[PDB]
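Given as structure tokens, the chain that follows is alone and in the form deposited in one PDB entry.
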């Protein structure tokens, strides 16, 4: 009864959103990334994407740390802070970041970016279309390929 959403991929880095709000655990983060042919980010990768366009007012989980890059924040943030900030996550779960190698070194918001084996488990997930704006969900023309070749010949003799 849970859904996920994959936003743009900045230099391979991206955050996995949920149907509602952020609710991803650390131990689950790894599985999440790997479940999408991706792997947990790093300490430098995060601060690196900061200049690529990864503005977020919510820290995340990485290979082994917790950072929160800020570019063009607002008054809603910590006194309109800036740059990158490191701080553990004692509170409950939260968003999760992932880094992919398949995607290009720049912002990627198109096809050619799905699960490693393309499987369907007890959890749904969708990615952003080519327009790289608003991901699609519960759309039409989404029927899996499956045909049958029933061999039932016939004959008749006098």
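Numbering follows the first chain given and starts at 1.
One more form of this protein exists, namely the form deposited with a partner chain bound; it is left out here, but the text below deals with it.
Proximity to the partner chain in the entry with it bound, defined as a heavy atom within 4.5 Å, holds among 47, 63, 106, 114 only for 114. In the entry with it bound, the partner chain sits beyond 4.5 Å of every heavy atom of residue 51. Residue contact check for residue 39: none of its heavy atoms lie within 4.5 Å of the partner chain in the entry with it bound.
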